[PDB]
$ cat entry00.txt   # compact mmCIF, C-alpha atoms and all ligand atoms
# COMPACT_ATOMS: atom_id res chain seq x y z
CA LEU A 1 7.43 24.99 -23.48
CA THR A 2 3.76 26.04 -23.57
CA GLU A 3 2.54 29.08 -21.65
CA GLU A 4 0.88 26.56 -19.35
CA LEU A 5 4.08 25.06 -17.94
CA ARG A 6 5.31 28.63 -17.55
CA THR A 7 2.38 29.58 -15.29
CA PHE A 8 3.43 29.69 -11.63
CA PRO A 9 1.87 30.90 -8.39
CA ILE A 10 3.34 34.38 -7.92
CA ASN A 11 2.27 34.60 -4.28
CA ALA A 12 0.64 32.53 -1.55
CA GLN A 13 -2.79 33.95 -2.35
CA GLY A 14 -2.98 31.73 -5.41
CA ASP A 15 -2.35 34.46 -8.00
CA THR A 16 -0.75 33.18 -11.21
CA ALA A 17 1.97 34.69 -13.38
CA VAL A 18 3.18 33.66 -16.80
CA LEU A 19 6.93 34.01 -17.09
CA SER A 20 8.63 34.37 -20.44
CA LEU A 21 10.99 31.61 -21.49
CA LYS A 22 13.72 34.25 -21.71
CA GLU A 23 13.40 35.04 -18.00
CA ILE A 24 13.67 31.36 -17.14
CA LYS A 25 16.86 31.07 -19.23
CA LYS A 26 18.25 33.89 -17.10
CA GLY A 27 17.03 32.32 -13.88
CA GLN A 28 18.91 29.15 -14.76
CA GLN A 29 22.12 31.13 -15.26
CA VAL A 30 21.86 32.88 -11.93
CA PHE A 31 20.99 29.54 -10.41
CA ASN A 32 23.88 27.65 -12.01
CA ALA A 33 26.19 30.42 -10.88
CA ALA A 34 25.01 31.00 -7.30
CA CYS A 35 23.09 27.91 -6.27
CA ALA A 36 24.27 24.81 -8.14
CA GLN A 37 27.10 24.42 -5.63
CA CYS A 38 24.72 23.03 -3.03
CA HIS A 39 21.56 22.66 -5.11
CA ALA A 40 22.37 21.05 -8.45
CA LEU A 41 19.43 18.85 -9.46
CA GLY A 42 17.25 20.53 -6.85
CA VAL A 43 18.99 18.84 -3.97
CA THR A 44 20.56 20.37 -0.88
CA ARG A 45 24.00 18.85 -0.55
CA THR A 46 24.41 19.31 3.19
CA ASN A 47 20.74 18.94 4.09
CA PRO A 48 18.94 16.28 2.04
CA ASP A 49 15.48 16.86 3.54
CA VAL A 50 15.32 20.61 2.84
CA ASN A 51 15.39 20.14 -0.98
CA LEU A 52 14.20 22.21 -3.95
CA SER A 53 11.46 19.71 -4.73
CA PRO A 54 7.85 20.96 -4.68
CA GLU A 55 7.02 18.77 -1.68
CA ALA A 56 9.88 20.11 0.45
CA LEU A 57 9.24 23.71 -0.62
CA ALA A 58 5.53 23.38 0.14
CA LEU A 59 6.32 22.05 3.61
CA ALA A 60 8.72 24.86 4.50
CA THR A 61 7.75 27.71 6.82
CA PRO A 62 6.37 29.72 5.25
CA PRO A 63 5.82 27.61 2.12
CA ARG A 64 8.44 28.50 -0.48
CA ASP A 65 6.25 27.19 -3.30
CA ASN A 66 5.49 30.52 -5.01
CA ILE A 67 7.64 33.17 -6.69
CA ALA A 68 7.21 35.74 -3.91
CA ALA A 69 8.15 33.25 -1.22
CA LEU A 70 11.21 32.12 -3.15
CA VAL A 71 12.27 35.69 -3.82
CA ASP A 72 11.86 36.50 -0.10
CA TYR A 73 13.93 33.48 0.79
CA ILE A 74 16.95 34.66 -1.20
CA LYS A 75 16.57 38.16 0.18
CA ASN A 76 16.16 36.79 3.71
CA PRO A 77 17.17 33.11 4.14
CA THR A 78 15.74 31.24 7.14
CA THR A 79 15.93 27.65 8.46
CA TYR A 80 13.36 25.19 7.19
CA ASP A 81 11.17 25.87 10.23
CA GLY A 82 11.63 29.48 9.10
CA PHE A 83 12.43 30.89 12.50
CA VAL A 84 16.19 31.35 12.49
CA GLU A 85 17.70 33.75 9.97
CA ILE A 86 20.63 32.12 8.19
CA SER A 87 21.60 34.95 5.87
CA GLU A 88 24.98 35.09 7.61
CA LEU A 89 25.75 31.60 6.26
CA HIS A 90 23.37 31.18 3.35
CA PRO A 91 23.65 33.11 0.07
CA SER A 92 21.61 36.33 0.17
CA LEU A 93 22.04 40.03 -0.62
CA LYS A 94 23.27 40.74 2.90
CA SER A 95 25.60 37.78 2.53
CA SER A 96 27.39 38.87 -0.66
CA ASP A 97 30.58 39.25 1.39
CA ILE A 98 31.27 35.51 1.42
CA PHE A 99 29.22 34.89 -1.70
CA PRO A 100 30.66 37.04 -4.56
CA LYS A 101 27.95 35.90 -6.97
CA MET A 102 25.33 37.73 -4.89
CA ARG A 103 26.83 41.19 -5.40
CA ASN A 104 25.14 42.03 -8.71
CA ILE A 105 21.90 40.13 -8.16
CA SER A 106 18.78 42.19 -8.77
CA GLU A 107 15.12 41.61 -7.94
CA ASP A 108 14.60 40.71 -11.59
CA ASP A 109 17.11 37.89 -11.20
CA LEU A 110 15.49 36.74 -7.98
CA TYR A 111 12.20 36.62 -9.83
CA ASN A 112 13.80 34.59 -12.66
CA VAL A 113 15.62 32.12 -10.41
CA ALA A 114 12.31 31.62 -8.58
CA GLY A 115 10.56 30.79 -11.84
CA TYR A 116 13.41 28.48 -12.82
CA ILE A 117 13.33 26.56 -9.54
CA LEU A 118 9.54 26.12 -9.80
CA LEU A 119 9.83 25.05 -13.43
CA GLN A 120 12.22 22.11 -13.00
CA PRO A 121 9.82 19.59 -11.46
CA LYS A 122 7.26 20.44 -14.17
CA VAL A 123 9.83 19.33 -16.76
CA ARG A 124 12.17 16.95 -14.92
CA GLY A 125 9.56 15.32 -12.74
CA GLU A 126 11.15 13.50 -9.82
CA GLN A 127 14.64 13.82 -11.24
CA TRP A 128 14.60 17.25 -9.61
CA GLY A 129 14.93 17.26 -5.84
CA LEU B 1 55.90 32.81 24.87
CA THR B 2 56.06 31.58 28.48
CA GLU B 3 54.30 28.40 29.57
CA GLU B 4 51.90 30.73 31.36
CA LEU B 5 50.39 32.31 28.25
CA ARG B 6 50.15 28.79 26.84
CA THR B 7 47.98 27.59 29.74
CA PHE B 8 44.31 27.37 28.72
CA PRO B 9 41.14 25.93 30.24
CA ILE B 10 40.82 22.50 28.59
CA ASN B 11 37.21 22.07 29.68
CA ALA B 12 34.41 23.94 31.42
CA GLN B 13 35.29 22.39 34.77
CA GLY B 14 38.25 24.73 35.05
CA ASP B 15 40.96 22.16 34.27
CA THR B 16 44.09 23.66 32.73
CA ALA B 17 46.31 22.39 29.92
CA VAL B 18 49.66 23.64 28.74
CA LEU B 19 49.94 23.48 24.96
CA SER B 20 53.28 23.36 23.23
CA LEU B 21 54.19 26.28 21.01
CA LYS B 22 54.50 23.78 18.15
CA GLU B 23 50.84 22.81 18.45
CA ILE B 24 49.81 26.45 18.37
CA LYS B 25 51.85 26.99 15.19
CA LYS B 26 49.84 24.16 13.67
CA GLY B 27 46.56 25.51 14.99
CA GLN B 28 47.29 28.80 13.26
CA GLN B 29 47.85 27.00 9.96
CA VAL B 30 44.60 25.09 10.14
CA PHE B 31 42.92 28.31 11.19
CA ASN B 32 44.41 30.41 8.39
CA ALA B 33 43.40 27.71 5.95
CA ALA B 34 39.87 26.91 7.13
CA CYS B 35 38.71 29.86 9.20
CA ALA B 36 40.42 33.08 8.16
CA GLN B 37 37.87 33.50 5.37
CA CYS B 38 35.25 34.67 7.84
CA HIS B 39 37.33 34.97 10.99
CA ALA B 40 40.58 36.77 10.24
CA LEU B 41 41.51 38.86 13.29
CA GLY B 42 39.00 36.94 15.38
CA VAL B 43 36.02 38.59 13.75
CA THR B 44 32.99 36.99 12.13
CA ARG B 45 32.56 38.65 8.76
CA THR B 46 28.85 38.05 8.36
CA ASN B 47 27.96 38.20 12.05
CA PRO B 48 29.90 40.86 13.97
CA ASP B 49 28.46 40.04 17.40
CA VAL B 50 29.34 36.34 17.37
CA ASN B 51 33.13 36.98 17.29
CA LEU B 52 36.19 34.98 18.38
CA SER B 53 36.90 37.39 21.22
CA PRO B 54 36.93 35.97 24.77
CA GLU B 55 33.84 37.97 25.73
CA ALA B 56 31.75 36.68 22.82
CA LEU B 57 32.98 33.10 23.27
CA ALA B 58 32.25 33.21 26.99
CA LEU B 59 28.72 34.42 26.29
CA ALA B 60 27.93 31.69 23.76
CA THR B 61 25.76 28.69 24.61
CA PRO B 62 27.43 26.70 25.88
CA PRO B 63 30.46 28.92 26.52
CA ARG B 64 33.08 28.28 23.85
CA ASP B 65 35.86 29.62 26.07
CA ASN B 66 37.73 26.34 26.65
CA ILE B 67 39.50 23.87 24.38
CA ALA B 68 36.85 21.16 24.68
CA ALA B 69 34.04 23.56 23.87
CA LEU B 70 35.88 24.93 20.88
CA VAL B 71 36.70 21.44 19.64
CA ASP B 72 33.04 20.44 20.04
CA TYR B 73 31.98 23.51 18.12
CA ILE B 74 34.01 22.59 15.03
CA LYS B 75 32.78 19.00 15.25
CA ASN B 76 29.21 20.18 15.74
CA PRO B 77 28.60 23.88 14.92
CA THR B 78 25.52 25.55 16.46
CA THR B 79 24.04 29.07 16.45
CA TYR B 80 25.21 31.47 19.13
CA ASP B 81 22.23 30.53 21.31
CA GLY B 82 23.53 27.02 20.67
CA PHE B 83 20.19 25.49 19.81
CA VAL B 84 20.18 25.20 16.04
CA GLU B 85 22.81 23.01 14.41
CA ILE B 86 24.48 24.86 11.55
CA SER B 87 26.92 22.19 10.42
CA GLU B 88 25.15 22.13 7.05
CA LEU B 89 26.32 25.71 6.44
CA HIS B 90 29.24 26.14 8.81
CA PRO B 91 32.60 24.39 8.41
CA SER B 92 32.67 21.08 10.30
CA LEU B 93 33.63 17.45 9.69
CA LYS B 94 30.13 16.63 8.45
CA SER B 95 30.35 19.72 6.26
CA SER B 96 33.58 18.87 4.40
CA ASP B 97 31.52 18.55 1.21
CA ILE B 98 31.30 22.31 0.71
CA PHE B 99 34.41 22.96 2.76
CA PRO B 100 37.36 21.03 1.20
CA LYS B 101 39.73 22.15 3.96
CA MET B 102 37.76 20.09 6.49
CA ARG B 103 38.42 16.74 4.82
CA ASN B 104 41.78 15.98 6.44
CA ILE B 105 41.17 17.69 9.78
CA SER B 106 41.91 15.50 12.79
CA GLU B 107 41.08 15.87 16.48
CA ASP B 108 44.69 16.91 17.01
CA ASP B 109 44.14 19.84 14.64
CA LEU B 110 40.88 20.75 16.34
CA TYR B 111 42.76 20.80 19.62
CA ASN B 112 45.48 23.03 18.11
CA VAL B 113 43.10 25.48 16.43
CA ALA B 114 41.27 25.73 19.76
CA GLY B 115 44.50 26.63 21.53
CA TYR B 116 45.35 29.11 18.79
CA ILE B 117 41.99 30.87 19.00
CA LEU B 118 42.27 31.13 22.80
CA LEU B 119 45.85 32.39 22.53
CA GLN B 120 45.26 35.42 20.30
CA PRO B 121 43.61 37.74 22.81
CA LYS B 122 46.39 36.90 25.31
CA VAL B 123 48.90 38.26 22.79
CA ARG B 124 46.93 40.66 20.59
CA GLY B 125 44.69 42.05 23.28
CA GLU B 126 41.68 43.80 21.81
CA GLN B 127 43.08 43.73 18.29
CA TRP B 128 41.62 40.22 18.18
CA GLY B 129 37.85 40.06 17.87
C1 LIG C 1 25.62 26.18 -0.08
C2 LIG C 1 26.72 26.99 0.33
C3 LIG C 1 24.40 26.75 -0.53
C4 LIG C 1 24.27 27.56 -1.62
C5 LIG C 1 25.39 28.00 -2.55
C6 LIG C 1 22.88 27.84 -1.76
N1 LIG C 1 22.13 27.17 -0.81
FE1 LIG C 1 20.22 27.22 -0.59
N2 LIG C 1 20.32 26.10 1.02
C7 LIG C 1 21.46 25.57 1.60
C8 LIG C 1 21.14 24.84 2.77
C9 LIG C 1 22.11 23.94 3.58
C10 LIG C 1 19.80 24.92 2.92
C11 LIG C 1 18.98 24.38 4.09
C12 LIG C 1 18.88 25.38 5.24
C13 LIG C 1 17.99 24.89 6.38
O1 LIG C 1 18.52 24.63 7.48
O2 LIG C 1 16.76 24.77 6.19
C14 LIG C 1 19.29 25.68 1.81
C15 LIG C 1 17.94 25.94 1.58
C16 LIG C 1 17.45 26.68 0.50
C17 LIG C 1 16.06 26.83 0.17
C18 LIG C 1 14.90 26.36 0.97
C19 LIG C 1 14.65 24.93 0.57
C20 LIG C 1 13.38 24.40 1.16
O3 LIG C 1 12.74 25.14 1.94
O4 LIG C 1 13.01 23.26 0.84
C21 LIG C 1 15.97 27.51 -0.98
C22 LIG C 1 14.73 28.14 -1.60
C23 LIG C 1 17.30 27.73 -1.40
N3 LIG C 1 18.23 27.24 -0.48
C24 LIG C 1 17.59 28.41 -2.58
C25 LIG C 1 18.88 28.71 -2.96
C26 LIG C 1 19.18 29.58 -4.05
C27 LIG C 1 18.22 30.15 -5.08
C28 LIG C 1 20.51 29.78 -4.01
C29 LIG C 1 21.21 30.66 -4.84
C30 LIG C 1 20.98 32.05 -4.81
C31 LIG C 1 21.05 28.97 -2.95
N4 LIG C 1 20.04 28.34 -2.25
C32 LIG C 1 22.39 28.74 -2.73
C33 LIG C 1 22.73 25.67 1.05
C34 LIG C 1 23.04 26.47 -0.05
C1 LIG C 2 32.03 30.57 5.67
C2 LIG C 2 32.27 31.26 6.84
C3 LIG C 2 32.89 30.77 8.01
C4 LIG C 2 34.04 30.04 8.07
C5 LIG C 2 34.99 29.70 6.92
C6 LIG C 2 34.19 29.69 9.43
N1 LIG C 2 33.22 30.29 10.22
FE1 LIG C 2 33.02 30.14 12.16
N2 LIG C 2 31.38 31.18 12.10
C7 LIG C 2 30.76 31.74 10.99
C8 LIG C 2 29.55 32.40 11.34
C9 LIG C 2 28.69 33.29 10.43
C10 LIG C 2 29.42 32.25 12.69
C11 LIG C 2 28.23 32.69 13.54
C12 LIG C 2 27.13 31.62 13.61
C13 LIG C 2 25.98 32.01 14.52
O1 LIG C 2 26.18 32.10 15.75
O2 LIG C 2 24.88 32.25 14.01
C14 LIG C 2 30.57 31.52 13.16
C15 LIG C 2 30.83 31.20 14.48
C16 LIG C 2 31.94 30.49 14.92
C17 LIG C 2 32.28 30.28 16.31
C18 LIG C 2 31.47 30.66 17.49
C19 LIG C 2 31.82 32.09 17.81
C20 LIG C 2 31.21 32.53 19.13
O3 LIG C 2 31.47 33.67 19.56
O4 LIG C 2 30.47 31.73 19.72
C21 LIG C 2 33.47 29.65 16.36
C22 LIG C 2 34.13 28.99 17.54
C23 LIG C 2 33.89 29.52 15.00
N3 LIG C 2 32.94 30.02 14.12
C24 LIG C 2 35.09 28.91 14.68
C25 LIG C 2 35.46 28.69 13.38
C26 LIG C 2 36.59 27.89 13.04
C27 LIG C 2 37.66 27.32 13.96
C28 LIG C 2 36.51 27.74 11.71
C29 LIG C 2 37.26 26.87 10.94
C30 LIG C 2 37.44 25.52 11.13
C31 LIG C 2 35.44 28.54 11.22
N4 LIG C 2 34.72 29.07 12.25
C32 LIG C 2 35.20 28.82 9.88
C33 LIG C 2 31.30 31.73 9.71
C34 LIG C 2 32.44 31.00 9.35

$ encode --input "entry00.txt" --output "structure tokens" --more "lines below"
Ligand code: HEC
Ligand code: HEC
Amino acid sequence: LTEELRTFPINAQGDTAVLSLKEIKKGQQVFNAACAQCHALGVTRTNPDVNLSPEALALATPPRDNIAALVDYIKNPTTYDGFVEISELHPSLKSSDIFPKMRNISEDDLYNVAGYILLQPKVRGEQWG
Amino acid sequence: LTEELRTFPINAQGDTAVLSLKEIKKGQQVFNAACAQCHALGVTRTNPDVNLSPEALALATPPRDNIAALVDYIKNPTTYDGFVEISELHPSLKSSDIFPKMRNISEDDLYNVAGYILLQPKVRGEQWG
């Protein structure tokens, strides 16, 4: 896994960040623990269109195709059109009541899961999402 | 439990229906199995304002203060302002994927749970919601 594949847009301004492989291993864990229930393989079980594929992410509002945007999303989940807050029903830090796995999640983890999500299509191609 | 307390508005047109106590016992079961996780005591764990109290229900869009409206809600969940469908994240029949307890739910059950929900404030007063 070259440093190239591990280079992702950290924000929407185009800035790049190189994540360590270790962080990605941790992102996967958090992901497999708190997201795989409805997102295994980068899909969205109950909403096929709003996937974890680059295309879907890029077309979200705002685009969720960069680490910052993905981190924001977990901290403050919103519908695809991004105008209705769904933190009450979607896993988030203010939703840890009905989502036990969100009680010990830290920014570092959010950062890692974000890198993990963005990594998958680079390595699994269209198998992801 | 007189037949009076068991008289509820079946629809928004003001029609009344008298449910049997037996049906209410069954509604409670379905409720305790599929709703108590976020609605025990008629509350909404992750959204305090959108409760199961008569006032909140009556102020929903459309009002969810009659059996038909409540049944519709479970079949097709929508935000409080009733304009965003949240069946993908809220228990419903098209949401039974992530909500196992919704796989064997029948209209009869929906009808019973609806009666149960509407019964609680009549017997628990403000303790409910
Ligand atoms: C089921 C209970 C879910 C779990 C567990 C997680 N997510 Fe989810 N997510 C879910 C739905 C039904 C939706 C669509 C909401 C809508 O109406 O738009 C989503 C969406 C996302 C997205 C946005 C996808 C996109 O814009 O294309 C992301 C970034 C996302 N979810 C990430 C994510 C993560 C990291 C999770 C774990 C912390 C997670 N989700 C859990 C349903 C569910
Ligand atoms: C995982 C959590 C969860 C479960 C389980 C759940 N609900 Fe909800 N429910 C919510 C949330 C959160 C809302 C608020 C949605 C909104 O308006 O944004 C809600 C709202 C509702 C409302 C509308 C309340 C109002 O005042 O308008 C009703 C009716 C309702 N749920 C009934 C049920 C019933 C019946 C079940 C079971 C079949 C159920 N819910 C299971 C989380 C849950």

$ calpha_fit_and_write --input "entry00.txt" --fixed "chain B" --moving "chain A" --output "PDB file with C-alpha atoms, keeping the file's coordinate frame"
ATOM      1  CA  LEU A   1      55.897  32.803  24.871  1.00  0.00           C
ATOM      2  CA  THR A   2      56.067  31.581  28.485  1.00  0.00           C
ATOM      3  CA  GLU A   3      54.300  28.399  29.567  1.00  0.00           C
ATOM      4  CA  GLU A   4      51.901  30.726  31.363  1.00  0.00           C
ATOM      5  CA  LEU A   5      50.395  32.312  28.249  1.00  0.00           C
ATOM      6  CA  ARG A   6      50.160  28.792  26.848  1.00  0.00           C
ATOM      7  CA  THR A   7      47.972  27.596  29.743  1.00  0.00           C
ATOM      8  CA  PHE A   8      44.312  27.367  28.712  1.00  0.00           C
ATOM      9  CA  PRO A   9      41.145  25.933  30.231  1.00  0.00           C
ATOM     10  CA  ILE A  10      40.823  22.510  28.596  1.00  0.00           C
ATOM     11  CA  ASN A  11      37.207  22.069  29.677  1.00  0.00           C
ATOM     12  CA  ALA A  12      34.398  23.928  31.424  1.00  0.00           C
ATOM     13  CA  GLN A  13      35.293  22.382  34.775  1.00  0.00           C
ATOM     14  CA  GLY A  14      38.248  24.730  35.054  1.00  0.00           C
ATOM     15  CA  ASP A  15      40.956  22.158  34.274  1.00  0.00           C
ATOM     16  CA  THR A  16      44.090  23.662  32.719  1.00  0.00           C
ATOM     17  CA  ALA A  17      46.304  22.389  29.914  1.00  0.00           C
ATOM     18  CA  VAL A  18      49.662  23.635  28.734  1.00  0.00           C
ATOM     19  CA  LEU A  19      49.935  23.481  24.970  1.00  0.00           C
ATOM     20  CA  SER A  20      53.283  23.361  23.233  1.00  0.00           C
ATOM     21  CA  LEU A  21      54.184  26.278  21.004  1.00  0.00           C
ATOM     22  CA  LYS A  22      54.502  23.787  18.147  1.00  0.00           C
ATOM     23  CA  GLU A  23      50.836  22.811  18.452  1.00  0.00           C
ATOM     24  CA  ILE A  24      49.804  26.455  18.367  1.00  0.00           C
ATOM     25  CA  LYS A  25      51.851  26.997  15.182  1.00  0.00           C
ATOM     26  CA  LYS A  26      49.842  24.152  13.669  1.00  0.00           C
ATOM     27  CA  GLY A  27      46.563  25.509  14.985  1.00  0.00           C
ATOM     28  CA  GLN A  28      47.280  28.804  13.257  1.00  0.00           C
ATOM     29  CA  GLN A  29      47.843  27.008   9.951  1.00  0.00           C
ATOM     30  CA  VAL A  30      44.600  25.094  10.146  1.00  0.00           C
ATOM     31  CA  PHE A  31      42.934  28.313  11.188  1.00  0.00           C
ATOM     32  CA  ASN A  32      44.420  30.414   8.384  1.00  0.00           C
ATOM     33  CA  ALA A  33      43.400  27.710   5.949  1.00  0.00           C
ATOM     34  CA  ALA A  34      39.861  26.907   7.122  1.00  0.00           C
ATOM     35  CA  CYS A  35      38.705  29.849   9.197  1.00  0.00           C
ATOM     36  CA  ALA A  36      40.420  33.086   8.158  1.00  0.00           C
ATOM     37  CA  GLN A  37      37.870  33.496   5.367  1.00  0.00           C
ATOM     38  CA  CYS A  38      35.229  34.646   7.829  1.00  0.00           C
ATOM     39  CA  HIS A  39      37.317  34.958  10.990  1.00  0.00           C
ATOM     40  CA  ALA A  40      40.572  36.760  10.238  1.00  0.00           C
ATOM     41  CA  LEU A  41      41.505  38.859  13.276  1.00  0.00           C
ATOM     42  CA  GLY A  42      38.994  36.955  15.388  1.00  0.00           C
ATOM     43  CA  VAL A  43      36.024  38.592  13.751  1.00  0.00           C
ATOM     44  CA  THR A  44      32.995  36.998  12.128  1.00  0.00           C
ATOM     45  CA  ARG A  45      32.565  38.666   8.768  1.00  0.00           C
ATOM     46  CA  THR A  46      28.847  38.053   8.360  1.00  0.00           C
ATOM     47  CA  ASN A  47      27.963  38.202  12.049  1.00  0.00           C
ATOM     48  CA  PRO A  48      29.903  40.864  13.964  1.00  0.00           C
ATOM     49  CA  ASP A  49      28.461  40.047  17.401  1.00  0.00           C
ATOM     50  CA  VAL A  50      29.335  36.330  17.373  1.00  0.00           C
ATOM     51  CA  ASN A  51      33.129  36.980  17.302  1.00  0.00           C
ATOM     52  CA  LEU A  52      36.201  34.996  18.370  1.00  0.00           C
ATOM     53  CA  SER A  53      36.889  37.393  21.224  1.00  0.00           C
ATOM     54  CA  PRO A  54      36.928  35.968  24.769  1.00  0.00           C
ATOM     55  CA  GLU A  55      33.837  37.973  25.724  1.00  0.00           C
ATOM     56  CA  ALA A  56      31.747  36.676  22.816  1.00  0.00           C
ATOM     57  CA  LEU A  57      32.987  33.103  23.272  1.00  0.00           C
ATOM     58  CA  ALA A  58      32.245  33.216  26.998  1.00  0.00           C
ATOM     59  CA  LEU A  59      28.710  34.420  26.297  1.00  0.00           C
ATOM     60  CA  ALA A  60      27.931  31.692  23.768  1.00  0.00           C
ATOM     61  CA  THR A  61      25.753  28.693  24.612  1.00  0.00           C
ATOM     62  CA  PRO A  62      27.426  26.694  25.882  1.00  0.00           C
ATOM     63  CA  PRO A  63      30.460  28.918  26.514  1.00  0.00           C
ATOM     64  CA  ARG A  64      33.076  28.278  23.837  1.00  0.00           C
ATOM     65  CA  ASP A  65      35.851  29.610  26.071  1.00  0.00           C
ATOM     66  CA  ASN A  66      37.720  26.331  26.656  1.00  0.00           C
ATOM     67  CA  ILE A  67      39.502  23.869  24.368  1.00  0.00           C
ATOM     68  CA  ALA A  68      36.847  21.155  24.690  1.00  0.00           C
ATOM     69  CA  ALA A  69      34.037  23.560  23.890  1.00  0.00           C
ATOM     70  CA  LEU A  70      35.886  24.926  20.876  1.00  0.00           C
ATOM     71  CA  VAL A  71      36.711  21.446  19.639  1.00  0.00           C
ATOM     72  CA  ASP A  72      33.036  20.445  20.032  1.00  0.00           C
ATOM     73  CA  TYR A  73      31.990  23.517  18.118  1.00  0.00           C
ATOM     74  CA  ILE A  74      34.006  22.579  15.032  1.00  0.00           C
ATOM     75  CA  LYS A  75      32.793  19.005  15.249  1.00  0.00           C
ATOM     76  CA  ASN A  76      29.207  20.187  15.748  1.00  0.00           C
ATOM     77  CA  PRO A  77      28.599  23.888  14.922  1.00  0.00           C
ATOM     78  CA  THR A  78      25.528  25.544  16.461  1.00  0.00           C
ATOM     79  CA  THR A  79      24.042  29.074  16.455  1.00  0.00           C
ATOM     80  CA  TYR A  80      25.219  31.463  19.134  1.00  0.00           C
ATOM     81  CA  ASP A  81      22.232  30.536  21.308  1.00  0.00           C
ATOM     82  CA  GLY A  82      23.524  27.009  20.664  1.00  0.00           C
ATOM     83  CA  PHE A  83      20.186  25.483  19.818  1.00  0.00           C
ATOM     84  CA  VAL A  84      20.185  25.207  16.040  1.00  0.00           C
ATOM     85  CA  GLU A  85      22.800  23.003  14.398  1.00  0.00           C
ATOM     86  CA  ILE A  86      24.477  24.855  11.540  1.00  0.00           C
ATOM     87  CA  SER A  87      26.917  22.187  10.418  1.00  0.00           C
ATOM     88  CA  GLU A  88      25.156  22.130   7.046  1.00  0.00           C
ATOM     89  CA  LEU A  89      26.337  25.713   6.440  1.00  0.00           C
ATOM     90  CA  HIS A  90      29.245  26.152   8.819  1.00  0.00           C
ATOM     91  CA  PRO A  91      32.608  24.392   8.424  1.00  0.00           C
ATOM     92  CA  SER A  92      32.675  21.076  10.304  1.00  0.00           C
ATOM     93  CA  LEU A  93      33.631  17.442   9.689  1.00  0.00           C
ATOM     94  CA  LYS A  94      30.137  16.629   8.448  1.00  0.00           C
ATOM     95  CA  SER A  95      30.350  19.713   6.263  1.00  0.00           C
ATOM     96  CA  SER A  96      33.571  18.861   4.402  1.00  0.00           C
ATOM     97  CA  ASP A  97      31.513  18.542   1.210  1.00  0.00           C
ATOM     98  CA  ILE A  98      31.305  22.305   0.704  1.00  0.00           C
ATOM     99  CA  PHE A  99      34.410  22.970   2.762  1.00  0.00           C
ATOM    100  CA  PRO A 100      37.354  21.028   1.200  1.00  0.00           C
ATOM    101  CA  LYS A 101      39.732  22.146   3.947  1.00  0.00           C
ATOM    102  CA  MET A 102      37.762  20.096   6.488  1.00  0.00           C
ATOM    103  CA  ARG A 103      38.418  16.740   4.817  1.00  0.00           C
ATOM    104  CA  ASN A 104      41.778  15.974   6.443  1.00  0.00           C
ATOM    105  CA  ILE A 105      41.169  17.687   9.775  1.00  0.00           C
ATOM    106  CA  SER A 106      41.900  15.508  12.787  1.00  0.00           C
ATOM    107  CA  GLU A 107      41.076  15.870  16.476  1.00  0.00           C
ATOM    108  CA  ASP A 108      44.685  16.913  17.016  1.00  0.00           C
ATOM    109  CA  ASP A 109      44.143  19.831  14.650  1.00  0.00           C
ATOM    110  CA  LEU A 110      40.887  20.749  16.345  1.00  0.00           C
ATOM    111  CA  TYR A 111      42.758  20.795  19.625  1.00  0.00           C
ATOM    112  CA  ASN A 112      45.477  23.030  18.108  1.00  0.00           C
ATOM    113  CA  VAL A 113      43.100  25.478  16.426  1.00  0.00           C
ATOM    114  CA  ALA A 114      41.278  25.731  19.768  1.00  0.00           C
ATOM    115  CA  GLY A 115      44.511  26.626  21.535  1.00  0.00           C
ATOM    116  CA  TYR A 116      45.358  29.115  18.796  1.00  0.00           C
ATOM    117  CA  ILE A 117      41.994  30.874  18.990  1.00  0.00           C
ATOM    118  CA  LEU A 118      42.266  31.141  22.796  1.00  0.00           C
ATOM    119  CA  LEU A 119      45.840  32.391  22.535  1.00  0.00           C
ATOM    120  CA  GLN A 120      45.254  35.421  20.295  1.00  0.00           C
ATOM    121  CA  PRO A 121      43.620  37.747  22.825  1.00  0.00           C
ATOM    122  CA  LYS A 122      46.388  36.901  25.323  1.00  0.00           C
ATOM    123  CA  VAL A 123      48.902  38.254  22.794  1.00  0.00           C
ATOM    124  CA  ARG A 124      46.934  40.656  20.585  1.00  0.00           C
ATOM    125  CA  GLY A 125      44.703  42.054  23.286  1.00  0.00           C
ATOM    126  CA  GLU A 126      41.689  43.811  21.805  1.00  0.00           C
ATOM    127  CA  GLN A 127      43.092  43.728  18.295  1.00  0.00           C
ATOM    128  CA  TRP A 128      41.622  40.228  18.177  1.00  0.00           C
ATOM    129  CA  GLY A 129      37.854  40.058  17.871  1.00  0.00           C
TER     130      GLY A 129
END

$ residues_near_ligand --input "entry00.txt" --ligand "ligand LIG 2 (chain C)" --cutoff "8 Å" --atoms "all atoms listed in the file" --output "NGL selection string"
(:A and (86 or 88-89 or 98)) or (:B and (30-31 or 33-39 or 44-47 or 49-61 or 63-64 or 70 or 73-74 or 77-82 or 86 or 89-92 or 99 or 102 or 110 or 113-114 or 117))

$ atom_distance --input "entry00.txt" --atom1 "atom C13 of ligand LIG 1 (chain C)" --atom2 "CA of residue 87 in chain A"
10.7 Å

$ closest_residue --input "entry00.txt" --among "B:72, B:23, B:97, B:3" --to "ligand LIG 1 (chain C)" --atoms "all atoms listed in the file"
B:97

$ residues_around --input "entry00.txt" --residues "residue 5 in chain A" --least-positions-apart "6" --cutoff "12 Å" --atoms "all atoms listed in the file" --output "JSON, numbers by chain"
{"A": [16, 17, 18, 19, 20, 21, 24, 115, 116, 118, 119, 120, 121, 122, 123, 124]}

$ atom_distance --input "entry00.txt" --atom1 "CA of residue 67 in chain A" --atom2 "CA of residue 26 in chain A"
14.9 Å

$ axis_aligned_box --input "entry00.txt" --around "ligand LIG 1 (chain C)" --padding-each-side "8 Å" --output "AutoDock Vina command-line options"
--center_x 19.7 --center_y 27.7 --center_z 1.2 --size_x 30.0 --size_y 24.8 --size_z 28.6
